[PDB]
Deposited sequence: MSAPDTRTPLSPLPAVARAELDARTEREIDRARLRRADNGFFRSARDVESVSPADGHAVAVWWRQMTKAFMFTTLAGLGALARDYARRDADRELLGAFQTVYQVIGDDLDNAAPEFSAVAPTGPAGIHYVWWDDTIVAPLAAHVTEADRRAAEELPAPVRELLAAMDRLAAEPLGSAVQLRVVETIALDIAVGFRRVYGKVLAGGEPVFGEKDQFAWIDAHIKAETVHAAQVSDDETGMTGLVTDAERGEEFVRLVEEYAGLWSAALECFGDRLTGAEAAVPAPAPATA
């Protein structure tokens, strides 16, 4: 006695979810981050570095709170009789988390550092934040760590979803929809960071974190919804979370067009 909603109702949940992402203006053509990454002619080290620091904290919180949300679900399945369809979707969350925590997918392990150095927020810190930080002052580095309010609200929504049995399904549903566009925007942003007249990212391998994500992203979560009430909650959480993700990315775009 535990099973997913029928396919018909889960299809409607998927459709309502896609509509919430549309309305939150997260699509490739909608969000100011993707627009700015395309439009700007150059990016200062300080603006690139601040965006990179915000991203580091954002993706660190994304990974841990998604794992925390999976644990909240695990807490429930320990005593419940989840059917094999629910269990397979539970496995999927675990596999997807393992990309960020330990580079499970071969596209990642075939470029990432091993061990903790390969954790995606750490790998990002080491290969994107660190070379940018050599080109900003100590004052600017301190200021970058003072996260803008849209980023803080998103971090706060992630903390809330860490305790939700649907939280991991909400976060992955929104994030895996927008990850490609985010990674492509980063490729473009950091390809345009010059210090002096020199590219800060002048070696192909310096983009390895980004190109791997683009590659991975280039090639369901409603499967974890077990009744109509949870379905309503799922859509409601998505609406909130998508809107906050969109405001955080608009904050990236603003920083690039200051």
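- Against the full deposited sequence, the model leaves out several stretches, namely 1 to 8, 228 to 237, 277 to 289.
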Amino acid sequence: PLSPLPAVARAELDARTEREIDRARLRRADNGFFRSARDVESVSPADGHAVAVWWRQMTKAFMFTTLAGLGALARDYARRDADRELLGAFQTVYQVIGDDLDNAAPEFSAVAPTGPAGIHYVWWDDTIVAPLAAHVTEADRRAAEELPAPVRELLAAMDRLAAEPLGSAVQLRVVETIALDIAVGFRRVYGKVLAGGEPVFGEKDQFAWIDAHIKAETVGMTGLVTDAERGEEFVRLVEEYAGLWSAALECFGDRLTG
From here on, numbers count along this sequence of modelled residues.
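So that the term is clear: the rigid core is the largest set of C-alpha atoms that superpose within 1.5 Å between two forms.
- In 4 other deposited structures of this protein, superposed by the rigid core, the C-alpha atoms of 195 to 203 lie farther from the shown form than the other of 195 to 203 and 61 to 69.
- Of the other entries compared for this protein that flank it with modelled residues, all give atoms for residue 228, so not even a third lack it.
- Across the other entries compared, at least a third leave residue 219 without coordinates even though the residues on each side are present.
- The deposited model assigns a higher average Cα B-factor to 228 to 236 than to the other stretch when 30 to 38 and 228 to 236 are compared.
- Look at the mean CA B-factor for 197 to 205 and for 210 to 218 in the entry; the higher one is 197 to 205.
- Reading the B-factor column for the CA atoms of 164, 126, 153, 83 in the entry, the top value corresponds to 83.
- The PDB entry gives the largest Cα B-factor of the residues 133, 172, 139, 119 to 139.
- Among the modelled residues of its chain, residue 223 has a C-alpha B-factor that falls in the highest third, as given in the PDB entry.
- Sort the modelled residues of the chain by CA B factor and residue 22 lands in the middle third.
- In the deposited entry, the Cα temperature factor of residue 104 places it in the highest third of its chain's modelled residues.
- Sort the chain's modelled residues by C-alpha temperature factor and residue 98 lands in the middle third, per the entry.
- Among all modelled residues in this chain, the alpha-carbon of residue 88 has a temperature factor (C-alpha) in the highest third.
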